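# Observations on the model geometry
Listed below are the residues making up each chain.
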Amino acid sequence: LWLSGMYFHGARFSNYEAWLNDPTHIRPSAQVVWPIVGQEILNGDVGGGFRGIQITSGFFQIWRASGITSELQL
Amino acid sequence: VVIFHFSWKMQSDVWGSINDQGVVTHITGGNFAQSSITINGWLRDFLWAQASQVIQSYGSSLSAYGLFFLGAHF
Amino acid sequence: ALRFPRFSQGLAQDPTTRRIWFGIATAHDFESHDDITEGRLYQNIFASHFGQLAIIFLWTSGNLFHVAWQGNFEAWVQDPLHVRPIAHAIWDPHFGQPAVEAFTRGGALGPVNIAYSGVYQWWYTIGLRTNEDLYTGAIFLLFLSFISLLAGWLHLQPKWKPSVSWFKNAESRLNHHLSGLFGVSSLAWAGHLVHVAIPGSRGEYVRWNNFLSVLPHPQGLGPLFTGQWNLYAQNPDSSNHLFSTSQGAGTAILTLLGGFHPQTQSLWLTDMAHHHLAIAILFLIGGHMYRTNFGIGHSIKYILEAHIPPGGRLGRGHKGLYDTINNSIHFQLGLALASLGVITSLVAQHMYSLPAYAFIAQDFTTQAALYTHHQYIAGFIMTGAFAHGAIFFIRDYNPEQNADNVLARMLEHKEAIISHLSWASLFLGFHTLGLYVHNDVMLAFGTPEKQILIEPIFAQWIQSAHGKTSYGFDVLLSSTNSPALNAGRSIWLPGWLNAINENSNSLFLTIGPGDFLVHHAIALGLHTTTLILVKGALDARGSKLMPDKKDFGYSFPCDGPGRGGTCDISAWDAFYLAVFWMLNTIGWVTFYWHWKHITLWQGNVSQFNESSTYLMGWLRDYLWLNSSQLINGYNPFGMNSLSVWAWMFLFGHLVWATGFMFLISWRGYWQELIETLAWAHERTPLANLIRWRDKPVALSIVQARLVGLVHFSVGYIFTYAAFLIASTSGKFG
Amino acid sequence: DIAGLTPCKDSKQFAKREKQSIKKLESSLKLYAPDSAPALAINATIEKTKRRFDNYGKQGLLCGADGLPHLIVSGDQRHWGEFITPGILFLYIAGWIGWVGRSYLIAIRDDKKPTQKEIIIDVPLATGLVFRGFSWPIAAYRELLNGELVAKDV
Amino acid sequence: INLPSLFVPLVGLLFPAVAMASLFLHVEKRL
Amino acid sequence: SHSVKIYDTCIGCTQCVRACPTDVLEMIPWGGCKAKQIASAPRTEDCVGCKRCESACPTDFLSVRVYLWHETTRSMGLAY
Amino acid sequence: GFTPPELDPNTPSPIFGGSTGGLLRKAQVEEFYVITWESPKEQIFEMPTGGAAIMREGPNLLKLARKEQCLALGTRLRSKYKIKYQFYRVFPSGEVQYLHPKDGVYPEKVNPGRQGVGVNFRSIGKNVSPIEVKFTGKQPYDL
Amino acid sequence: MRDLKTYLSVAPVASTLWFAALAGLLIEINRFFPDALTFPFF
Ligand code: CLA
Ligand code: CLA
Ligand code: CLA
Ligand code: CLA
Ligand code: CLA
Ligand SMILES: CC1=C(/C=C/C(C)=C/C=C/C(C)=C/C=C/C=C(C)/C=C/C=C(C)/C=C/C2=C(C)CCCC2(C)C)C(C)(C)CCC1
Ligand code: SF4
Ligand code: SF4
Ligand code: SF4
Ligand SMILES: [Ca+2]
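- Judging from the entry metadata, cryo-EM is the method by which this structure was determined, and 2.7 Å is the reported resolution.

Shown next, in the form of structure tokens:
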């Protein structure tokens with residue numbers, strides 16, 4: 001269940017394709033927050049026309065090394 | 001102690017930015033070879049110096065890290 | 001006996017190292033020594049009091065002598081604002097050449113320490129000018145302490161030792177201590193201020209060889225007896241007056257102005273002379289209350305027994321309190337410690353706002369050191385007062401002789417007291433922490449205006465009632481037609497209103513929301529510490545978890561693992577737990593004081609006013625910010641004069657940390673480790689030829705709690721003192 | 001005014017703070033497509049920030065030298081909205097909670113296995129009891145007058 | 001001739017040695 | 001030597017006796033209860049101060065009390 | 001009145017391989033203990049100090065440095081196995097002193113030949129206050 | 001069903017559902033009336 005959650009967040013709430021286009025300028029991030037009490041400030045500029053929380057799981061690197069190019073595969 | 005050693009040594013002798021001539025400016029200019037030999041060096045050059053980033057996190061998208069810093073202290 | 005310790009037979013027969021440890025830690029517990037009577041107890045107490053007096057006098061004369069010998073005094077009196085005072089010389093063969101060059105300050109010829117005790121300003125204020133004065137003073141104090149020792153010896157033989165009947169004579173002792181120890185002493189100090197200090201602050205050098213040749217006033221002692229006392233105030237020192245010069249000096253010896261001296265920013269000397277004279281008169285008159293051999297006066301016991309409210313809301317009132325106070329030494333010690341601690345922190349609060357010594361208001365780190373020192377001492381004294389209250393309740397309390405008086409009725413509704421103390425501390429803690437965390441989140445999300453700042457409007461209103469005119473409340477003394485402002489408008493209100501409405505001193509600093517939040521942190525600290533201590537005192541004689549605690553003593557390990565487990569069930573354990581909260585609350589107090597003043601001394605009060613309302617502000621703008629010079633005391637590029645603090649700062653961190661060991665790791669672990677160490681030593685060649693004489697044992701349970709607490713507090717004090725003195729001394733402002 | 005503070009609507013530091021706040025968000029909106037999801041979200045919070053400052057101005061809050069809206073709790077009637085009416089609301093809600101809990105505890109105290117009804121809530125009884133909190137003030141007043149709120153015998 | 005040069009070693013080195021030797025001798029054997 | 005006392009509330013259950021590691025306690029005849037038995041402590045010079053006996057006492061309050069006192073090498077449980 | 005059994009040296013001791021948990025200098029200079037039992041058969045039992053030993057069919061005599069260790073081994077022998085044991089205390093003199101079971105019957109079984117030692121004829125709530133025994137060498141519980 | 005109703009009323013589950021409902025209520029309230037430092041109605 002944890003793995004499927006990771007993959008789904010990379011599929012739906014990520015900037016994985018933008019990062020795939022330019023890896024060393026875009027910051028990977030696969031989690032966004034809801035604008036409830038001003039916490040949306042945590043949705044920082046991670047580049048790629050995307051605002052989220054920069055992740056450190058190294059999942060983007062795994063997905064790139066496995067050959068995953070679209071979010072349909074995720 | 002192990003992770004502190006790793007982090008300081010990496011930020012001091014490996015990581016950093018390369019440039020056009022091949023001049024490597026590291027995150028800290030080899031401050032591990034001369035400052036890590038006394039405890040005052042760890043308290044000043046590692047914790048006090050590196051700690052400034054997290055303290056100034058408030059008001060930006062890294063604010064959650066500052067909040068967790070203080071909450072974990074608590 | 002036949003072994004150290006001899007006051008204890010049970011410990012002398014202990015074959016383990018424990019005998020040594022405990023032998024040291026029960027040396028002054030006279031009531032638990034073998035073959036103890038009441039006469040022995042009282043006489044030993046008297047003698048050790050004399051010994052403590054000797055120690056005090058020796059210490060203060062050591063201070064005087066060292067300031068005179070290796071000091072800086074004569075140079076300092078010439079320019080008090082532009083030279084640092086020297087405490088004593090340094091001789092350390094472990095020092096290096098750059099350290100020798102770095103520590104030679106103050107115009108000395110070698111490495112010296114800079115004094116922060118403030119003895120230079122104190123001795124300068126009272127009249128000492130040359131090194132010969134300090135030498136005479138030190139010699140006189142050596143004489144005094146030698147005589148103290150002589151008296152302590154003389155009152156220990158037969159032939160001179162007093163009877164317990166003498167020690168319990170309360171009425172006469174109170175008569176003498178009030179009228180003589182407080183009254184005549186204060187009168188004599190007023191005499192010194194009038195004869196030596198006030199002239200000394202006007203140019204004249206009155207000393208022993210000429211003081212019978214100098215009038216303190218142009219019309220000496222005429223006004224006093226003719227009744228015309230006002231003549232002793234007819235010409236005060238003009239407000240353009242250099243301190244120890246006659247430029248702008250007057251002739252008044254007593255007055256009531258209220259302000260500060262404009263040049264020194266401290267109280268007028270004539271004001272202090274008048275104050276001591278007045279309170280001397282008060283003590284002398286009030287010391288004739290109790291009845292002695294002369295057939296008039298009061299009987300304390302009768303006054304106590306006569307104060308019982310009809311309607312019986314107080315039970316039997318104070319009936320039987322005289323005998324439970326007079327016969328209990330721990331009750332007396334608890335009362336003494338309580339009053340002493342309260343007036344100690346009163347000293348701390350009054351010495352920073354109303355400075356008495358010349359040029360001490362401009363020496364900032366002396367001010368900070370004095371305040372913090374006295375506040376920590378007051379905290380320790382308060383904790384001791386409560387600890388001895390508990391010890392009294394265990395050892396000297398007699399329930400049937402105290403039937404239904406205020407003491408027994410305190411004991412019998414302890415649940416209500418404890419539960420309400422706990423409610424108050426829970427409320428304060430919940431809401432103070434909640435407001436701080438709310439503010440912290442508001443500022444983390446980048447929205448400053450979404451904070452919950454509460455204006456301390458009651459304290460601001462009180463400040464307005466004293467004459468401050470920054471909040472626009474217009475109450476007494478900041479009204480204009482009030483009876484209060486009109487009635488003292490000509491005596492002290494001019495100087496008072498001028499000093500309070502000045503915003504470069506510390507007399508009633510301006511306060512804001514940060515002051516509100518931190519004051520409620522202070523209130524929570526006080527309430528929780530008193531909760532712990534009061535719970536320990538009222539539960540000392542027994543509780544529901546152990547109903548027979550009283551016959552186990554004041555301090556014991558636990559009552560085994562049965563009935564759920566009874567770790568830390570003593571009253572000593574309650575004291576042990578309360579010292580942590582005392583340290584924490586005094587820490588909050590002194591942090592607050594230091595930050596407020598360190599931002600006021602830089603003319604940057606808005607920095608505190610704005611960053612004090614969230615805890616990231618305290619961490620970053622106070623701790624992390626003001627700690628750069630201190631930790632840079634020595635670095636890979638050399639060291640400077642702050643290095644000794646940079647070292648001590650780390651020292652205090654080490655000590656503190658090892659205090660955690662004795663607090664977390666428990667006895668069983670260490671005992672088994674020690675036993676395998678013993679095996680190892682006995683089994684090895686060339687070294688089993690050497691044999692110990694006490695079997696090594698792990699520390700006791702209570703002993704370990706004590707050692708850990710000592711380490712914790714020593715580390716605490718040392719690291720905070722290092723930080724405070726280095727952060728104020730580095731900026732010197 | 002009270003405690004030397006000034007009406008935020010007429011203060012200058014309060015405005016300066018508002019303009020500065022609004023300024024930084026506008027910068028975040030830039031470097032992206034003018035009508036993009038992130039840009040639309042940034043706009044939304046900009047309007048939200050403007051509404052918060054105007055709401056603060058309208059409600060008549062007091063601003064100090066930092067421009068932060070200070071709260072007066074002395075009891076001044078110009079400021080009951082800051083502490084006292086929210087305080088009465090809180091006391092009402094907290095009395096509701098405590099009274100419902102106490103009512104429940106008393107009701108379940110009579111079974112043989114009362115701890116069973118504490119580790120496993122009787123939700124039908126609880127839902128029968130929850131709404132007495134609505135009248136908890138009158139009930140508690142009449143219970144104190146009756147003398148049955150505080151246990152005698154203890 | 002410099003008075004610290006004499007009293008700081010004696011009080012820091014000699015005196016604790018003498019005092020601790022004597023106090024160990026006194027504490028660690030039976031009378 | 002620690003001091004162990006037995007109080008007359010003893011119901012003579014003997015659970016404490018069966019609990020002590022060093023054979024300090026004993027069962028002796030009596031007449032104040034229905035077991036005609038009560039606990040004695042004739043060998044407290046071997047008591048280690050473990051207080052297992054108190055955790056085994058089912059009375060309230062306890063009927064067996066251990067007051068720790070002067071320490072011996074027997075009392076400290078030292079094998080060296 | 002139950003002449004205690006006298007210690008019989010030459011009684012064998014269990015088959016042990018040696019351990020660093022055995023006797024020490026205290027057994028040399030102050031005292032040690034000795035326990036004996038009788039072993040219906042040769043079996044393996046856990047030593048109260050180290051690993052496992054083998055009790056011999058016939059008399060077993062084991063020397064321990066602590067009385068508590070002896071009683072632990074005795075309890076284990078008495079209820080896991082069904083074996084009756086007795087232990088003694090030996091001084092550096094060469095004296096032995098029969099220790100347990102003192103009067104032939106285990107202390108959990110009441111015997112009509114025992115006197116009361118340290119029994120107070122009152123409930124624990126009726127001890128005097130410490131103030132009542134101040135300055136006299138007595139303890140409020142020793143009363 | 002009866003036993004499922006029982007288990008759904010055990011203390012941890014009862015309290016998590018209660019606190020989730022309370023959280024939802026407070027979240028929505030502050031979503032409609034955001035940035036509220038006072039009571040501005042009366
Ligand atoms: C930062 C450390 C810390 C903190 C926060 C506390 C806090 C507290 N101590 Mg304590 N104490 C400490 C260290 C600390 N102590 C240390 C080192 C010692 C020495 C051993 C002591 C010794 C001590 C004693 C002896 C006593 C206390 C007491 C108290 C309570 C005082 C009442 C109060 O202030 O209301 C509340 C204050 C708080 C800070 C509580 C805030 C926590 C909130 C509620 C968290 C909210 C949860 C939130 C919804 C999310 C939870 C996360 C989730 C995973 C569940 C309080 C909870 C006294 C007491 O019991 O009061 C009656 C008491 O007697 N303390
Ligand atoms: C409690 C007062 C006190 C204190 C804290 C100090 C502290 C110090 N003195 Mg000092 N001293 C004092 C009183 C004091 N003195 C008095 C009254 C005299 C006679 C006027 C001297 C004469 C003196 C000289 C000549 C020298 C020092 C020096 C020193 C420094 C080096 C440490 C040392 O050698 O010990 C002190 C050495 C002594 C000879 C002191 C002996 C005199 C006192 C009264 C001894 C008291 C011992 C007593 C039995 C124990 C008291 C109990 C308690 C203190 C534990 C040190 C900072 C040395 C220095 O200058 O360092 C750079 C130095 O050479 N002192
Ligand atoms: C006028 C003040 C005063 C007086 C006369 C007494 C007198 C007494 N106290 Mg008391 N006490 C006081 C204040 C006072 N106290 C204060 C302020 C506190 C709060 C800290 C306490 C807390 C306290 C407790 C908890 C206890 C006593 C006890 C006692 C009794 C025995 C003390 C003893 O001999 O132990 C021996 C003396 C020592 C063990 C001191 C050596 C260890 C100290 C604490 C370490 C010193 C710190 C370190 C060396 C300095 C730093 C090192 C360096 C790096 C700078 C005795 C009658 C004990 C008692 O028996 O109750 C009846 C008891 O348990 N007191
Ligand atoms: C007029 C007669 C007289 C006088 C002068 C004294 C004086 C004294 N007695 Mg004594 N006594 C007397 C009669 C007298 N007694 C009689 C008749 C009896 C028989 C009942 C006794 C029985 C008796 C006993 C049993 C004891 C004393 C003790 C003491 C000493 C108290 C301890 C101390 O020095 O603290 C000093 C106190 C002060 C300096 C005044 C208090 C100052 C307050 C606390 C604060 C001051 C604030 C101010 C800002 C300070 C400036 C600080 C700045 C300068 C640094 C003291 C010197 C104790 C003792 O002997 O110790 C050795 C003690 O044990 N007396
Ligand atoms: C900073 C605090 C601190 C310190 C200094 C120590 C130190 C030590 N711990 Mg400890 N520990 C701590 C915190 C600390 N612990 C805490 C908080 C816990 C709770 C979890 C524990 C739990 C713990 C356990 C369970 C054990 C230890 C053990 C040890 C010892 C390890 C052996 C060793 O390192 O030898 C060397 C000593 C040091 C490195 C300390 C510093 C030595 C200084 C720098 C030398 C200076 C000498 C100086 C000249 C002395 C002369 C001064 C003169 C004036 C007298 C050691 C002394 C283990 C042990 O016992 O070892 C066998 C052990 O099992 N610790
Ligand atoms: C345990 C115990 C004990 C101890 C106790 C204690 C420790 C206590 C305390 C306490 C405290 C610590 C207290 C305090 C206090 C204080 C107070 C109570 C105060 C006051 C005051 C006032 C009333 C004021 C007034 C005024 C004036 C005068 C002027 C100005 C204005 C004003 C208002 C400020 C004893 C031994 C005894 C007994 C036993 C038990
Ligand atoms: S303090 Fe130690 S011996 Fe006492 S109950 Fe706690 S864990 Fe057990
Ligand atoms: S303290 Fe231990 S050895 Fe002593 S009687 Fe109690 S259980 Fe037995
Ligand atoms: S457990 Fe308690 S009540 Fe039972 S026999 Fe032992 S001492 Fe008596
Ligand atoms: Ca002022």
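### Quick look at the UniProt feature "binding site: [4Fe-4S] cluster 1" in chain F
Residues and elements named next belong to chain F.
- Mapped onto this numbering, the UniProt entry annotates "binding site: [4Fe-4S] cluster 1" at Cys10, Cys13, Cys16 and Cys57. On the basis of their most widely separated C-alpha atoms, the annotated residues across 48 residues gather in one place, lying no more than 10.6 Å apart.
- Structurally, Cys13 can be placed in the loop between β1 (3-7) and β2 (26-29).
- Here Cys16 is to be found in the loop between β1 and β2.
- Beyond its immediate stretch of four places on either side in the chain, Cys16 contacts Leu25, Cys53, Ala56 and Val64.

### So, the packing of aromatic side chains
Residues and elements named next belong to chain C.
- On inspection of all chains with the given rule, the structure shows 82 aromatic pairs over all chains.
- Where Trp122 meets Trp123, the ring centres are 6.4 Å apart and the plane angle is 35°; that geometry is what we call tilted.
- On the basis of relative accessible area, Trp123 is assigned to the buried category, the value being 4%.
- Connected via pairs of aromatic rings, a cluster forms that spans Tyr376, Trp572, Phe575, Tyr576, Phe580, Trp656, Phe660, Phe712 and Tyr716.
- Its end group placed over the ring of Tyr205, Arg207 keeps NZ or CZ at 5.7 Å from the ring centre.

### Looking at the packing of helix α9 (residues 170-200) of chain C against helix α11 (residues 269-286) of chain C
Residues and elements named next belong to chain C.
- Where α9 contacts α11, the two axes come as close as 8 Å, and the packing angle between them is 160°. Here α11 runs roughly antiparallel to α9, going by the angle between their axes. The crossing of α9 and α11 is left-handed.
- Residue composition of the contact of α9 with α11, by class: 18 nonpolar, six polar and no charged.

### Examining the pattern of salt bridges
- Applying the stated criterion to the full structure yields 45 salt bridges over all chains.
- Of the charged contacts, one joins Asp111 of chain D and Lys117 of chain D as a salt bridge, the two residues approaching to 3.3 Å between their closest N and O atoms.
- Through salt bridges with shared partners, one network takes in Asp548, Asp559 and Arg563 of chain C together with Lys51, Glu54 and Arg65 of chain F.

Calculation rules
Residues numbered from 1 in each chain as written, not as in the entry; some residues may be left out. Chains lettered and ligands numbered in written order. Part of a larger assembly, values for the part shown. Heavy atoms only, no water. Residues with missing side-chain atoms left out of burial classes, pairs and counts. UniProt positions renumbered as here; feature names shortened; annotations may be inferred. Helix = DSSP H or I, 4+ residues; strand = E, 2+ residues; numbered from the N terminus. Contact = heavy atoms within 4.5 Å. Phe/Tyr/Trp six-rings, centres within 6.5 Å; stacked < 30°, edge-to-face > 60°. Buried < 20%, exposed > 50% of the residue type's maximum accessible area, 1.4 Å probe, protein only. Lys NZ or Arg CZ within 6 Å of the ring centre and 35° of its normal. Axes fitted to C-alpha atoms, helices over the stretch in contact; angles between N-to-C directions. Parallel < 35°, antiparallel > 145°, perpendicular 65-115°, else oblique. Left-handed = near helix turned anticlockwise from the far one by under 90°. Nonpolar A, V, L, I, M, F, W, Y, C, P; charged D, E, K, R; others polar. Salt bridge = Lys/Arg side-chain N within 4 Å of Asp/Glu carboxyl O.

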